[PDB]
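# Close look at the chain arrangement
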Amino acid sequence: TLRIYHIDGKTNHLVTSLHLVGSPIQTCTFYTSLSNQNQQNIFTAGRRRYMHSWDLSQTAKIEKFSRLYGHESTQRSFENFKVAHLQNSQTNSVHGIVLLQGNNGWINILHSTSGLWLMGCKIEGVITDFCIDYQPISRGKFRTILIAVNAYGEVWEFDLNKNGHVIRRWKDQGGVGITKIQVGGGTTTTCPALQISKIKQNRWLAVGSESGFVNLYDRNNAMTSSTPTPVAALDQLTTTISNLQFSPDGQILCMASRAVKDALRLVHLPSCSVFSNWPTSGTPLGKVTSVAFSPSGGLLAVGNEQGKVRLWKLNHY
Amino acid sequence: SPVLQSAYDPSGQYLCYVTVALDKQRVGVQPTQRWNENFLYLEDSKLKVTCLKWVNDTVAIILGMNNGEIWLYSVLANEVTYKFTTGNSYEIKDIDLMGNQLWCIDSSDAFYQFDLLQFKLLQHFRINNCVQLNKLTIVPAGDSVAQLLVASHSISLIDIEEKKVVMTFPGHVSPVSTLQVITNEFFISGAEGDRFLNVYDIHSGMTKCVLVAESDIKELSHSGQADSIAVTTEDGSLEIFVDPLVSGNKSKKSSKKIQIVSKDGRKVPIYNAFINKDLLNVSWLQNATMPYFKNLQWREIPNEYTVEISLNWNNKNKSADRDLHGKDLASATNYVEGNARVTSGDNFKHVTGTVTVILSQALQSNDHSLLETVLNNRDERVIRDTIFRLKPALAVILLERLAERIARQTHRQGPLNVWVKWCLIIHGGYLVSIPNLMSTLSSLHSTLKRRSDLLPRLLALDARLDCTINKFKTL
Amino acid sequence: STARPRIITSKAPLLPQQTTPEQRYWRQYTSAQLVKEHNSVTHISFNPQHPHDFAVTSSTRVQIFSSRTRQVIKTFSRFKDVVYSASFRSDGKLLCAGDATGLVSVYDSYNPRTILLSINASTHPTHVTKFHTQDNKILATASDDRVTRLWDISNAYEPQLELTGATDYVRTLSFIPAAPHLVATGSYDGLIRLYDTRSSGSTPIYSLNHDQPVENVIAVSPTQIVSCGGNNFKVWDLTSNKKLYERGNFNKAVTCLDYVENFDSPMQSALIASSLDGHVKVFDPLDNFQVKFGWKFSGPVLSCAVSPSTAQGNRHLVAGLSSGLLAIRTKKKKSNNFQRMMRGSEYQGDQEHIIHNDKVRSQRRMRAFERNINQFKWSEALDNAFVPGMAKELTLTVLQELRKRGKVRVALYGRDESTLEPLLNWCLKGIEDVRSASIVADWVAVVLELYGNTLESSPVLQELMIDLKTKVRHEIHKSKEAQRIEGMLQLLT
Amino acid sequence: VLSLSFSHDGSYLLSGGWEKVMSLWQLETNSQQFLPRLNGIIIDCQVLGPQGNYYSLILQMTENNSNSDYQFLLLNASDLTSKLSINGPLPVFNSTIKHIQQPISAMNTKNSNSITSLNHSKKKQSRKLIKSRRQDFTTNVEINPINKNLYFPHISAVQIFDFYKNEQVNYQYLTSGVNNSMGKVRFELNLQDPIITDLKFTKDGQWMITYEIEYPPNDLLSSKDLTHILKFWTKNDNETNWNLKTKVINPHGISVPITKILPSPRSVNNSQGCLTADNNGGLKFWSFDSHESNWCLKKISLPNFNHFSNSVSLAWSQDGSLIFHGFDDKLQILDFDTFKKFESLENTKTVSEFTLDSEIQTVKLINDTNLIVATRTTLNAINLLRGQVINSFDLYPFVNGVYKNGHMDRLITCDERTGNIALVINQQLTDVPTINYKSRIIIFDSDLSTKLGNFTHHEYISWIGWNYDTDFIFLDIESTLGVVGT
Amino acid sequence: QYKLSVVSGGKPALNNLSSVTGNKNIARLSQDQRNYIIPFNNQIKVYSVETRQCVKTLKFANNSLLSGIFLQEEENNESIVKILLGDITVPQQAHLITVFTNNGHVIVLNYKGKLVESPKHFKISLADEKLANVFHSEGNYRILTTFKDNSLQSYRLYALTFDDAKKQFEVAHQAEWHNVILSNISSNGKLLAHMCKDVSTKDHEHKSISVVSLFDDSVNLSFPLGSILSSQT
């Protein structure tokens, strides 16, 4: 199912509740194009070979992407994917791309508004995760950089403005089994832009690893040190990391472990300090399994194993 | 309920409503005569709207906020025009306006009179014997704006020029929610969490009537000359009293009741209905935020009514290109046969040592194993002697059985090829006397016709065969 | 776009005796189990209420079988001499057993060790004993004393009614399901009488003459009855008091007849009649008692029986032969953490707003020939056509479709002798068939006109052509004699 | 190859050729994605959207060798499904009309040309239409009365059209052909699909009668027989796709066409029967069985004429009493109860054998009193209660060598409420008969009492019928449908 | 009593008379991808791309100018060569349509409502050789025309400008080439490429391809099919 809610403090009502038949929903993200600002697609996928795109009032427009124009042999499924912008840089045209994981190292990229196979990037080892960093170049131009991360600890930085070329590598210090990378501080997936000029380069980079560890790096010195040292090595969780998400302004880092109940930790930045007053022992979380921030209002939505989503508010914002 | 506050324009053509959206209150105006994507967000998350009044030369509304200042907002330009700032860090608990004069009660029990055309606070004012105040009106005394009514669980008629409380009706227990002057000297008070609208008489200082709803009264509206009072009720209903100002006579129940229920069975609550003379308007929330409206005639509508709406409750997604199963629209449907019957145009329908007694026994009781074991033989003298000493009609059904056996196993027809010859030879004249030859040997004629059809192409095959055979024999 | 159309199987024109759905149902009656008894089994009858069981008479013995197991469930052996009839009640609890001492023994099912009632009829042995259908507590017996006796359970020592009016050897009697008072009775003189139990009785209301000895009478409908006796059997109607039809299609004397109605079958009403040959035959009163099906068991059958309409499971048909043979022809019919991590898939969308599905169902799996003709591997499709394990009609279909879609030259281009020879093996199997000969002629003509001299260089293929010439001259003679027989048919018309 | 269209990036090439396939080439890894079944070959492909969102493509529909039948298609690039399909009605003409030119392929076939063959075939078609007089172009068109639905017997297909909104609502294959199961290549183009030559309904509207002919491949042993197949179908008013119920191979035996088909009216069996007529003169009356869901050969009159002429037709008396049979130089009247000639005991010379001058094309009764016959040289209007001739008009100076047999039958029709309406065709010529045609539609009544109205049309008209709203429907050479009505 | 009237039309008016261009899909999407516009042999139909049905019909017989121009009962010569979304006259009006037929007509009309029965009719100058194609970048329009003098057709490229007067359609006469066998235009509308037989005269191979830019002179390159082809072919 997909459930779109209108969100408030007193009434969090249903706006729409679609039910796909015979297709589980592992991930589902909104998307709005930066050129048009009126597209409002919703992408969703599970452990199948099809990716449903619902356009955005009583009949649903659900297209689905299922065909790979080059190769259906790189990936078994679509269950992990991300959405990004991309500028063509010959024509000043921006459009959405869809990043997908494959079998061994294959990252597949699909032009999203039409389902085209655009480009492909293969890391060595097994992919465990990836993320989408932005770099503004001039007034009216940027370039997107795909940051992919192996299991063992390497990190590859490709650019997607021109076709897939590795800009650089560097290995995470330590980090045997990495689960999730996530950049933050600027415009990214959890805090998207509304025009071209609002795109800002992300500041921090977190790497979360199944020994409960999180290494936190600063981009301004990793990019020049080329085998960097983490600004911090947080360790307050004892099971695998399943959600690393920054604030929409780059001040808080939430890390959530799916394995044990009440496994959420908030870390103030740049002071790299775990918040002490929250969450407590008597804080209702359950087995935390999805985290989300508001783009502006400082709301924090946390969904657990028992189907409940709960909703806090940071009163500073 | 998601809608925090709402208010109609006079004549009931637009309604404005302020609702929270991501902890920032946004106001929006919708026409209700048959969207307006425009809004007005609040810049701060802490300041909120408290009172919301319509004003009719550019039409506008007036927002008494938590800030302590009154925001005059022009709806057509979609910009807050003016901020009448009061000299306190408090909250406007009630607003009111008539013409150019404006009045407000602030939470410090403070009256303020403003002029719009002067854009200026005329007078700050405070009064004794009013500890809390949260509703106010000014009486429709024509142009004279004197002797206004204030209310917080105890209504006080208080003058402006005399600036002191004059009359004090006993109010309610809870704070006053609605306070509306219908006519001269008659006005409604309705508390919070109450079911009793007191229609009070001013100059007597007394109670004319009480009007009883079925549950807690959310919102009140009244027509031009008190002939209709419609109140929306907090469980979601519309109770209308028709002529409540005429003569067990102290309390008056609701005259008509209007619910709104969807087509599936779920009930849609109501908020802020408005009623004109012989014309009523209802508003509800279609989606989580979207306001939908309806117009109806409450005189022809019966005493109990449920307006039905078609909400897409368990709707299936029909699409234009996709056919109801599997294929698309432009997919030209192919050709399948299924279990359809094939029939040729030659199968007609609706048109000594003998074996004689065993043949006749099988034909009297058509045993297929016995027929097989009695057709296994091939001795021509026995064949001739059988169909000599057989019955004619039994030989006819024997020919039919011969035909079906040949058609079932064409490999069997070898020794069975002379059997039909002997049947025709020894019982030809009975087949001259029978009237329906085609009807009785359609299957024989079909098999024999098929063989004669296979003949000539087979002979062409034979010519090609012995051609190449003698060709490779000589070379 | 559109989908790939499935392969259209070539359906021949209808052969004589096309397979009816009735024939399909009676051939879905499969799985004939054969059970031995010691002597000639006499009477079989099913249990009405829960139809999972049926009783059968045998040598001094009454045996109750189940249906789902087809096994000897109950054995009644309290008798002295051989039993004569076994009949259940409408309540499915009591069976009555007519013995050969002139005392009937009626007692409950599923408890052989109690003789609940021992009713004494005439001193002559009793032949038939039957419960009422509409009535729960009245019984009717008939003995060799040529007197039928109606008994109530309250009077075990005296018959409630003593019905007479017969000539010789009363051996069948039955009730009408419409009237709970009228009873039909067939003696050895034909001449089935129709009596009434609410009147005096000893003189019939009316009779209808079956000249040969009638051995069975069955009220098939509320208005029609069947006299099953002698070689033929006459189906009468009581309201018109006259034989509606009669069928004499039986070889020997008909020994049993039953009826079943309103059950899960293409044919609504079925009438079975067994006639002392193993020959049981199924008609239907809806088609004026027309021949629909027949089974044949070798030994002369004595009794047949069919499971009732409310069988709620596997249907049954049994034919005890005179050697003591039962024919049972049966138409048959991860942990908690893993579930809590995948426990949402059973939702199926009953409550949400908008339902949407673009799914495609799983079609029939394609075979090798269909896959190869789809992928245009045409010579390989020809080889998969001439694999040995392949049906004749199926090879005919793929031959037709290859010839229709593509051309046989591209079908036969890169051939050698080892792949020519299975084609010609299929030819020597199937030129003799009426349906395929023109197609096979096309194929052998194009392969000879291609492979003229390779025929010379390969020696055994020459011998294939020789025996092909021999058999095709056989078909020459067959078809010419066929045109001759057509000419003499034209003479005789 | 027919279409080459680059994407806006220049990394993808859409190609389209003679096989009904659209190939998206990804030029980097030189891979491709396919669209393999489109109901026709594709002439053009194009990308539309600013981000490349829609694929527009123009299809040729070359199965109709006479009429180059186009189709406009628009696809989402997302799911590659038919987002929009636009097509007009697709008639089946007896010849190519004005400028219809077979597209470029390697081999000159029955459906394609070479290049030297392109110029030669263009010159040949122009000289054919200038020289010859056999310009018929008479297409079979049927009307379903229970929905007033226009039915077009396309080559091995049916196009269900509705002229009220001017849209094709359906396209359905009926023969076991290779139209959609497979594309066609350079040497397979000489193979042709089965031709569904005859298609009508019963007056019940629930039974669809069809007759097609099968063409075995060339250069074979059995390349000579034309296998004649008849079929009966059924559709509901809540459905739009007909389902076959009865198949029939070789009616009246092998290799004999069943060219003339006439349904039954509701008066005799609630319109559940048909009458099939050959060049041999045999009349087979089939009827839908009650207990069996199929149809059966209920009645048959079987002569065996040594001669053959397909100029055959039959008409049916409105009560089902008698059957007119128009044969070459002969008019027959057949009793229905015994399939014998109309034996009258009074012998008032209302005989069942009438001599005529030429091959009869049409015989149509307007009621139980008036019969109009159109033979290959003239028309004659006669009575039925009395065997007395009323009217006669010449067809020789216009219908000289224009048609073959049966084309006048598929042309002229008769309404039960206003009378008969016929057609004539001429051409304007400037010093050579010029290509531009000019037809006339004439309305009569009551065995040609008077001309109710003559109306000339400035271009060709190939088919005329009457919709059951009592209004007559005519076609053009272009797919334009017009109506005359009250 | 009995009146005649054409009701339904079929065939799309595809530019078969061109027969050289590989971009013959003349039907165009609007600015907003909402409705698709096809000129048939007898009418112009506009379909909403979501509900897939014909939301607007523009019958030549129902119109007066379209009847007198396109429904000529003597010659089928004039067929629509192109639709254009924006108005040629006014800068950024929305629901306009400019129509160019086989012979230089500029018909400015309106969909999305009721078609006024007085559309803005214009005629281009220099309508002696036949109109083949037209397109535009911003502002400037280019027009291709088939000109005739060996059964081949020369192409004259002009630039069409307007807004001096209402009739004044200024022709700039950009360039010309001869005996083109196969010509095509990029999807941007800025480049075309064509062939000739002048190199068949001057050489052994029968054609050479020349690509030419339209609004600029950046790409003007000729090269032979002898250079393109291979020895195996």
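Residues numbered from 1 in each chain as written, not as in the entry; some residues may be left out. Chains lettered and ligands numbered in written order. Part of a larger assembly, values for the part shown. Heavy atoms only, no water. Residues with missing side-chain atoms left out of burial classes, pairs and counts.

In the PDB archive, cryo-EM is given as the structure determination method for this entry, at a resolution of 3.8 Å.

### Topic: the overall build of chain A
Just so we agree on the cut-off: Numbering of helices and strands runs from the N terminus, with a helix taken as a DSSP run of H or I at least four residues long and a strand as a DSSP run of E at least two residues long. Each radius of gyration reported is based on C-alpha atoms, and the globular scaling rule is 2.2 Å times the count of residues to the power 0.38. Burial classes follow relative accessibility: with a 1.4 Å probe on protein chains only, a residue under 20% of its type's maximum area counts as buried, one over 50% as exposed, and anything between as partly exposed. Accessible surface area values rest on a Shrake-Rupley calculation with a 1.4 Å probe, where residue burial reflects the displayed protein chains alone. A residue counts as positive if it is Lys or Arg and as negative if it is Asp or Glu; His and the chain ends are not included. To locate a charge, the coordinates of NZ of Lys, CZ of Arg, CG of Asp or CD of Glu are taken.
Counting its secondary structure elements, chain A contains 1 helix and 25 strands. Whereas a compact globule of 317 residues would reach a radius of gyration of roughly 20 Å, chain A reaches 19 Å, a difference of no more than 12%. Structurally, chain A occupies a C-alpha span of about 50 × 50 × 40 Å along its principal axes. Residues classed as buried in chain A amount to 52% of the 317 residues present. As displayed, chain A has an accessible area near 13900 Å², and 48% of this comes from carbon and sulfur atoms. Across chain A, the mean location of the 30 positive side-chain charges is 5 Å away from that of the 18 negative side-chain charges.

### Remarks on the environment of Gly184(A)
All names here are of chain A. Heads up, the rule is: Whether two residues are in contact is decided by their heavy atoms: any pair within 4.5 Å suffices.
Looking at the secondary structure, you find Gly184 in strand 15 (residues 178-184). Judged by relative accessible area, which is 0%, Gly184 ranks as buried. Separated by 66 residues in the primary sequence, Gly184 and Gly250 have C-alpha atoms spaced 6.0 Å apart. Aside from chain neighbours lying at most four places away, what touches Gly184 is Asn202, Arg203, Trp204 and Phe246.

### Section: unusual backbone geometry
Residues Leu269(A) and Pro270(A) are joined by a peptide bond in cis, for which omega reads 0 degrees. You can see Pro270(A) is positioned in the loop between strand 21 (264-268) and strand 22 (273-274). Even without being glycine, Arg34(B) reaches a positive phi, approximately 55 degrees. Turning to its location among the elements, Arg34(B) is positioned in the loop between strand 3 (24-31) and strand 4 (40-41).

### With respect to a nonpolar patch on the surface
All names here are of chain C. Threshold: Patches here are clusters of residues that have more than 30% relative accessible area and form no salt bridge, with a 9 Å joining cutoff for like charges and a 5 Å cutoff for nonpolar side chains (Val, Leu, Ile, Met, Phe, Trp, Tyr). In what follows, salt bridge is the name for a side-chain nitrogen of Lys or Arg lying within 4 Å of a carboxyl oxygen of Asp or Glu.
Together, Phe338, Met341 and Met342 line one region of the surface with nonpolar side chains, adding up to about 320 Å² of accessible area. Mapped onto the elements of the fold, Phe338 is located in helix 2 (residues 336-341). In this structure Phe338 comes out as partly exposed when scored by relative accessible area, which is 36%.

### Overview of the packing of aromatic side chains
All names here are of chain B. Cut-off, in case you're wondering: Pairing of aromatic side chains requires ring centres within 6.5 Å, counting the rings of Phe and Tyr and the six-membered ring of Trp. Pairs whose planes differ by under 30 degrees are stacked, by over 60 edge-to-face, and all others tilted.
Throughout the structure, instances matching the rule amount to 56 aromatic pairs over all chains. Ring centres of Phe84 and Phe114 lie 5.7 Å apart, and the angle between their planes is 85 degrees; this geometry places the pair in the edge-to-face category. In this pair, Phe84 sits in strand 8 (residues 79-85) while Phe114 sits in strand 11 (residues 110-115), placing the two residues 30 residues apart along the sequence. The same class applies to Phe84 as to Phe114, namely buried.

### A look at the sheet that holds strand 16 (residues 190-196) of chain C
Residue and element names in this part refer to chain C. Cut-off, in case you're wondering: Pairing between strands requires that DSSP locate at least two bridges from one strand to the other. Throughout, an axis means a line fitted to C-alpha atoms (over the contacting stretch in the case of helices), and angles, computed between N-to-C directions, take values from 0 to 180 degrees.
Spatial strand order, 14-15-16-17: 4 strands in an open sheet with antiparallel pairing. Each having just a single partner strand, strand 14 (172-175) and strand 17 (206-208) make up the two edges of the open sheet. Shown here is a sheet whose adjacent strand axes are inclined to one another by a mean of 20 degrees, direction ignored. As paired elements, strand 15 (residues 182-187) and strand 16 share 5 bridges and run antiparallel to each other. Each residue of the ladder has a partner; that of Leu182, found in strand 16, is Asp196.

### Describing the packing of helix 3 (residues 380-388) of chain B against helix 5 (residues 417-426) of chain B
Residues and elements named next belong to chain B. Convention followed: Should an angle lie under 35 degrees it is considered roughly parallel, over 145 roughly antiparallel, and from 65 to 115 roughly perpendicular; all remaining angles are considered oblique. When the near helix sits turned anticlockwise from the far one by under a right angle, the crossing is termed left-handed; a clockwise turn instead gives a right-handed crossing. Any residue that is not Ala, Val, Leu, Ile, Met, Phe, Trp, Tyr, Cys, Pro, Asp, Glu, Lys or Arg is counted as polar, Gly included; the first ten are nonpolar and the last four charged.
As a packed pair, helix 3 and helix 5 sit with axes 9 Å apart at the nearest point and diverge in direction by 40 degrees. Relative to helix 5, helix 3 is oriented oblique. By crossing handedness, the relation of helix 3 to helix 5 is classed as right-handed. Mapping the contact onto sequence places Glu380, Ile383, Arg384, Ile387 and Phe388 in helix 3 and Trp419, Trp422, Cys423 and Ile426 in helix 5. Taken together, the residues of the contact of helix 3 with helix 5 break down into 7 nonpolar, no polar and 2 charged.

### Regarding the interface of chain B and chain C
For an interface, size is often stated in terms of accessible area lost upon the parts coming together. Definition in use: By buried area we mean how much accessible surface two parts lose on assembly, using a 1.4 Å probe and totalling the loss over both. Pairing of N or O atoms within 3.5 Å defines a polar contact, subject to two protein rules: one partner must be a possible hydrogen donor and the other a possible acceptor, and residues neighboring in sequence count only if both atoms are side-chain atoms.
Taken residue by residue, the interface counts 59 residues in chain B and 61 residues in chain C. Together chain B and chain C conceal approximately 5900 Å² of surface at their shared face, both sides included; 61% is due to carbon and sulfur atoms. Counting the surface chain B buries against chain C, the share from its top three residues, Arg408(B), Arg451(B) and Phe472(B), is 10%. Linking chain B with chain C are 3 salt bridges. The salt bridge involving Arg451(B) is made with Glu475(C); its shortest N-O contact spans 3.8 Å. Across the chain B-chain C interface, the total number found is 14 residue pairs in polar contact. Elements that contribute at least two residues to the side of chain B that touches chain C include exactly strand 30 (315-316), helix 1 (356-364), helix 4 (392-408), helix 5, helix 6 (428-433) and helix 8 (442-474) of chain B. Here the side of chain B that touches chain C gets 19 residues from one element, more than from any other, and that element is helix 8 of chain B.

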